[PDB]
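Positions of Cβ are backbone-derived with ideal geometry, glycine not excepted, and every protein chain shown enters the neighbour counts. Bear in mind that the values in this text are calculations on the coordinates, not laboratory data.
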Amino acid sequence: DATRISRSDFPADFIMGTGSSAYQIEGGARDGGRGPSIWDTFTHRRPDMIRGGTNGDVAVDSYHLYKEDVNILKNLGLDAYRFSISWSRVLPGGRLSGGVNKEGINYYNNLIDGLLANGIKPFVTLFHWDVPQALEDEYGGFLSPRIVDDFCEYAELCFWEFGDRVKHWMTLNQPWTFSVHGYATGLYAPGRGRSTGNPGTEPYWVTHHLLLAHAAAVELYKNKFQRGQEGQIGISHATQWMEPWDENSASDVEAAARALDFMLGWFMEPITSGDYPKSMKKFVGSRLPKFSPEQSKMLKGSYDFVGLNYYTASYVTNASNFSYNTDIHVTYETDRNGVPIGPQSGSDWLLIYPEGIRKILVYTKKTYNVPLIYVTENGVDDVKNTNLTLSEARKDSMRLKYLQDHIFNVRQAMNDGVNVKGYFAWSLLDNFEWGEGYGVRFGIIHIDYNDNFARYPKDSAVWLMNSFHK
Amino acid sequence: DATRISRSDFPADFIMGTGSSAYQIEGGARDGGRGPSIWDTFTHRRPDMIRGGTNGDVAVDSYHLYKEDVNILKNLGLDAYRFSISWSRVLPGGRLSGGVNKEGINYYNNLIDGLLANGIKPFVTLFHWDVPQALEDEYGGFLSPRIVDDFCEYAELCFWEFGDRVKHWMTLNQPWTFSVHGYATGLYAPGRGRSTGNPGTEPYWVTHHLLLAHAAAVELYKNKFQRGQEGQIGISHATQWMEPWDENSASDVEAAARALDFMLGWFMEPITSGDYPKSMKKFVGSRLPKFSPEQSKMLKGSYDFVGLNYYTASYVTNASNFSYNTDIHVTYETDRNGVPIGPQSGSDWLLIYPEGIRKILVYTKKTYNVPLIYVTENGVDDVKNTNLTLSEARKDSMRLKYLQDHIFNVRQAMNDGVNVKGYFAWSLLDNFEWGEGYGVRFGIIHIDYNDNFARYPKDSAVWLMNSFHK
Amino acid sequence: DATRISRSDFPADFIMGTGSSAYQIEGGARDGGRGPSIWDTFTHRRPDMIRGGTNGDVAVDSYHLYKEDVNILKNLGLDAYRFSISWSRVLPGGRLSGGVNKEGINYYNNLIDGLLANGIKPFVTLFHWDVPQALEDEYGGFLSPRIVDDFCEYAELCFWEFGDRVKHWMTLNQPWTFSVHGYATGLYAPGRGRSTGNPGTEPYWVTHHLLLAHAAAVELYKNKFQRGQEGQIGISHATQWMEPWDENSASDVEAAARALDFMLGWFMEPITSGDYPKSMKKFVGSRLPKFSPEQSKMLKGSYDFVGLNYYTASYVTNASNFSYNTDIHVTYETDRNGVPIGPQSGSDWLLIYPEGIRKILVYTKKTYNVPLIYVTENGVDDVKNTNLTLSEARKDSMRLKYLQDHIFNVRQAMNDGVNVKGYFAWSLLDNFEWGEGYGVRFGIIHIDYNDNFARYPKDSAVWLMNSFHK
Ligand SMILES: [Cl-]
Ligand SMILES: [Cl-]
Ligand SMILES: [Cl-]
């Protein structure tokens, strides 16, 4: 029974925490010497692209309120906290010649020491879509392959400064989303894809550059730091369970496996065997870059653990110039015969399907043979309602049930022999939600935008504390 | 012609200025020992009643940022600034026994010395709807005639603490809107009359108590302070020009006179003659309270000057249990034949009718014989649009035309013989617009809610500085 | 013999301590954003009701001087300190929508870390009569059963913020005195029942709501916090030993049982059996509210331990519109023949009867079967005398004898089989004594009201340190 699930259902080394990302929570966008990211420029030059015409300038000010956030995490009582570093905060010109920003570095050391002073293990993510505008304007950010070198300098800087305290690193979080919405749909920064953009090619380049960035940085950590710092490095991928519309149509079973390949295979096959997946080569063909064999040699096996981000699920079936969206040759369906795959959440794109996480997990271990996994994101948003008062606003029953159901399923995947080491809820705080602006609330901690971002736990947080404290 | 209007069109002693009110700009709702006002409880207990479900806990933070507001005022170059004191900031329990708050007194004293250091004359308003919650809760606030004594204590504090430097006082601003929307429509705080409220009776009592509070405070100033401090005291009234829908229908002409009577005569006749206006006794009859004869002697001529707030105008015609709304027996028309009385501002209720201000002024002078008038409010709101970048956003041509046409008409009124002494635009800053929340902008100074309320002048501010500097 | 009593007469796990309550010591009534409690309004609106016409605006200033109180506690050497949180300090509008006050939370967190730095265990009391004025004014406070929900929000805040370090909680202290003197005699705040009050009904409702607030808060702790924080929760009851005026009159014996029933059974039977005591239903009958059966299921056994506050004792005999006072049908006798039950303290209502505490303890164990008890209050007041210099003033032999005799009797009770876990003297400091104002001194630490509340130990403090140090 899911409602009874608690810490003692898990092995003792199991890790529990929460998560944020720098641009969604920090604010202090032009403070302490930070330079502009592509999200800074996107939200300020294309306000029409954001619900409310808002931006992350202040966000929820974890830049100035990080001490409260740490006190929150100490009360919450979980093992670990996952956050990301703002590239253009530590290097405002993105590359070394641009300046090294001591104040930015001091911020993260203050963050990291606060966490450890309180027994909370930091899990740090080098990159979460916030590309320094300077690198974007000079050579097209991740379009160009120069990005690998700059990224590598940025990475080395973080390892040298923080690697004595941070022992768990991730190069990238959710690169899929950065590629697709950055360059295919043009909904996220830099906002490209109808030169003005091209959903047929750019996404594939960008992803190509992301993966070399990731593999270069892991070679760096592994050759220069790991022996002396003794940490571990890995990466974090967007996932979504893909169900065959018709369990029978062996052709649907195929539209589903293809939908995987194009989402998760696109990143996981490279770091597994040094190459993209067949289906992708087949359907993309010559628009899809190749790896030199030293590149493959570098990618193949570039990680100590993998993190999976899981929210939702879908039915897949087959489809009927060029674009990533169409290259997949599938159609997405939400119901079989009038029945949705699961109930809606506050967000119409998000259907609740706890069994999906069990599946995605088992699939991953089976298809790619990963020996160590973390779930690095999993959570749900609140129904929008500016009408509720706080005692109402905080009873977040759906989220609570969502957490218990997904955590129960993770536990099942383990029984199936998937070696999962921890689970992190998304997100710690309500925060900036990219194109959605401040309207969507994923926090286990509630935030009051009308009164300096006062923070208050929701019942999910009290429940996490009480059920998983240690 | 209007666009050429400048300070040299007016006499040398004429005064130009801008204005705000405490709850709309201050924030710092619970800082520096402020107690809660009825606007605090309303916005927090009934967020459904506010666009966005927002409140003025932070507002545009003038509580902390006033040094900046003062600098803006010094740059703007106008003679004067009109602001109001938050009753429950200085007396957080509303009455003396509730505690005198030194820190809130220190705040206004800093504001005031700050303005005086810069050559800016302070015009101060004791009351702008922000009734101390403690008084509302103890005896129903302006429902009870207890309010007259408490209001007097409050006023005497202010004169004692500030009267050495403030020389221009106003007891109430726009009492009309308070009565009507507080007690007839129930749209504003305390949100009554949509016991529980009675649109037929409460508005008339509230208004009755407002006027006695005003007259008691004026007797107090004049008997106990005027000789030593040598200030001047007055009051500010909502007004709207009322136009006969059909200039020919002597019946329409009268509906228009009656509509004035119930808006402006309701407050003006008592301080002129000691009594309510004839038409209101007729149509409201026995539901309309009466003044003892010593009350009338206190009310009559209880002011050194009067201010009028003008925004818009209207066509009036005759109408075909009880409520203030129906007691007027008029109907409101904008169109005289699908021909609107004037164009829309960014608000559909505000229609631009510059000659309105000229007429209201001339009417007030003739009907009530006021020897000295200020226009204490006048302004317009920008079209909403979260899509513009600041360079576009600050180009506020409508407002700029609006100001010149209205200021031009004020000049006319002075030619017509009205003694107008000054004119304040509304408002200085974009701010909390009551039930409209933050979505409506009246400022000559733009505000960026996304970036700690950064202030930036709009072309109207620039124009006012350039044409009226001194 | 009593005078030789020392820590080595007790088991090793036995706990000694001292205590205060928030409104009696803190002061800082309007500092750090505290909101007003009913004791604030009562003392300020009805000063005639307080000896001297004084209030606890400053009290003995522990709000500012707590570092000093902490040092005193470290010097005193006892295991524990019992204090209470001021509801309206943490939530100045009493309910969440009223604002969460960080600064009041920071205050208790400093107090608490301060005590823990010094090896002193904090025992914390959520409620000690200081009802937020905002709640009293909105819906009559503990008159309404709304209070149960608000009280629960409050309690959950406290457990979330402090429960990582506070491991010993109490929901209410001395609810009896609150009901009776708040609502029957009208002597204490809110001062009712001497509408307007009704000694016949309100006390019974107040008490009814107190017990539901207590039981809701305990269910909350036990279901949402206990597992993660591992604390313990309980409650503290007023008690007085009731002695049969004539040991022979079986009728007197019963008046005594009935007098207990109406003081202690009134609170104790509900948390023991789910219901009021038999005798109270009989004599109060239909005026006594009833528990739905889920209420009784929540109440029954709703505590981890119970504390008893004992001061004095009394002889009871039978008595010959309605009020709590008369419903008891008993009369109180001190003299058994011009032979007083014991000598006077500095207060004529307090008569020294050490075996009282032994009997009350044994009775509680037998009648209600509590497995775990603390004596949470016990102390005596000095003879008034503004004539003594400090060297004389601090020689408090009566108190010192009083403590030894009572502590001796506690030891007896443990021989008699009662499981007493600790004992706290009352109070640490001389302080605000409610209707008695400052004229009455219960402190083991003297206070000099003439010289910023300088603290100085009295011989009893010295003795307690010397005999009970650890
Ligand atoms: Cl370089
Ligand atoms: Cl008073
Ligand atoms: Cl609430």
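Here are a few things to note about the model shown:
- Residue under evaluation residue B:460, criteria (1) part of a helix (DSSP H, G or I); (2) touching a helix residue (DSSP H, G or I) at 6+ places or on another chain (Cβ under 8 Å); (3) within 13 Å of chain A (Cβ to nearest Cβ); (4) of a type in the set (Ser, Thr, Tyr), criterion not met: (3)
- Looking only at segment B:456-470, and only at residues there that are under 11 Å from residue B:399 (Cβ atoms) and not hydrophobic (A, V, I, L, M, F, W, C), the one that is surrounded by the fewest Cβ atoms within 10 Å (Cβ to Cβ): B:459
- Some residue of segment C:148-161 being farther than 21 Å from residue C:377 by Cα, more than 14 Å from every other protein chain (Cβ to nearest Cβ) and among the aliphatic types (A, V, I, L, M): no
- Selected residue (criterion: farthest from residue A:123 (Cα to Cα)) from residues of segment A:172-189 that are buried (at least 24 other Cβ atoms within 10 Å of the Cβ) and in contact with a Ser or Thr (Cβ under 8 Å, 6 or more places away or on another chain): A:184
- A single member of A:97, A:84, A:144 is polar (S, T, N, Q), away from ligand 3 (no atom under 16 Å from the Cβ) and within 20 Å of the chain's Cα centre (by Cα), and it is A:84.
- Residues that are among the polar types (S, T, N, Q) and out of contact with any helix residue (DSSP H, G or I) (no Cβ under 9 Å at 6 or more places or on another chain), drawn from segment A:360-410: A:376
- Hey, residue A:31 surrounded by fewer than 19 Cβ atoms within 10 Å (Cβ to Cβ), over 25 Å from residue A:169 (Cα atoms) and either within 16 Å of ligand 3 (Cβ to nearest atom) or within 11 Å of another protein chain (Cβ to nearest Cβ) (or both) or not: yes
- Index of the failed condition, residue A:258 passing every other in (1) among the basic types (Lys, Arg); (2) surrounded by 21 or more Cβ atoms within 10 Å (Cβ to Cβ); (3) within 22 Å of residue A:151 (Cβ to Cβ): (3)
- Scan of segment A:376-410 for residues that are β-branched (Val, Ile, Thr) and either within 16 Å of ligand 1 (Cβ to nearest atom) or part of a helix (DSSP H, G or I) (or both), ordered by number: A:407, A:410
- Flag for residue B:351 being within 25 Å of residue B:59 (Cβ to Cβ), crowded, with 17+ Cβ neighbours inside 10 Å and within 22 Å of the chain's Cα centre (by Cα): no
- When residue B:123 is tested against (1) in a strand (DSSP E or B); (2) touching a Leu at 6+ places or on another chain (Cβ under 9 Å), exactly one condition is not met: (2).
- Residue within segment A:76-91 that is farther than 29 Å from residue A:140 by Cβ, within 14 Å of chain C (Cβ to nearest Cβ) and not in a loop (DSSP other than H, G, I, E, B) present: yes
- Criterion violated by residue B:62 - all others in (1) within 13 Å of chain A (Cβ to nearest Cβ); (2) at negative phi satisfied: (1)
- A residue that is surrounded by 24 or more Cβ atoms within 10 Å (Cβ to Cβ) and within 22 Å of the chain's Cα centre (by Cα) cannot be found anywhere in segment A:446-455.
- Options B:215, B:189, B:238, B:134: the member that is within 29 Å of residue B:112 (Cα to Cα), more than 16 Å from ligand 1 (Cβ to nearest atom) and within 14 Å of chain C (Cβ to nearest Cβ): B:134
- Flag for residue A:40 being over 25 Å from residue A:464 (Cβ atoms) and acidic (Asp, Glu): yes
- Total residues in segment A:147-167, condition within 23 Å of the chain's Cα centre (by Cα) and away from ligand 1 (no atom under 16 Å from the Cβ): 7
- Subset tally (residues that are part of a helix (DSSP H, G or I), away from ligand 2 (no atom under 16 Å from the Cβ) and crowded, with 24+ Cβ neighbours inside 10 Å) for segment C:126-146: 3
- Scan of segment A:411-424 for residues that are in a strand (DSSP E or B) and either surrounded by 21 or more Cβ atoms within 10 Å (Cβ to Cβ) or among the aliphatic types (A, V, I, L, M) (or both), ordered by number: A:420, A:422, A:423, A:424
- Yes/no for residue C:18 being among the hydroxyl-bearing types (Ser, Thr, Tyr) and either within 16 Å of ligand 1 (Cβ to nearest atom) or over 23 Å from the mean Cα position of the chain (by Cα) (or both): no
- The requirement of being out of contact with any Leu (no Cβ under 6 Å at 6 or more places or on another chain), surrounded by fewer than 24 Cβ atoms within 10 Å (Cβ to Cβ) and under 25 Å from residue C:116 (Cβ atoms) is not satisfied by residue C:91.
- Candidates in segment B:42-54 are the residues that are at the interface with another protein chain (Cβ under 8 Å from one of its Cβ atoms) and within 19 Å of residue A:452 (Cα to Cα); of these, the one that is surrounded by the fewest Cβ atoms within 10 Å (Cβ to Cβ) is B:52.
- Residue that is out of contact with any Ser or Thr (no Cβ under 6 Å at 6 or more places or on another chain) and either within 16 Å of ligand 1 (Cβ to nearest atom) or among the polar types (S, T, N, Q) (or both), where the choices are C:86, C:37: C:86
- Here residue B:100 clears all of (1) in a loop (DSSP other than H, G, I, E, B); (2) buried (at least 18 other Cβ atoms within 10 Å of the Cβ); (3) β-branched (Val, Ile, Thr) except the condition numbered (2).
- Sole residue being of a type outside the set (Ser, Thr, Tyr), within 13 Å of another protein chain (Cβ to nearest Cβ), more than 16 Å from ligand 2 (Cβ to nearest atom) and out of contact with any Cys (no Cβ under 7 Å at 6 or more places or on another chain), chosen from A:430, A:451, A:405, A:382: A:451
- Residue check for residue C:106: more than 16 Å from ligand 1 (Cβ to nearest atom), over 25 Å from residue C:457 (Cα atoms), assigned to a helix (DSSP H, G or I) and not hydroxyl-bearing (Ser, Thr, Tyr): yes
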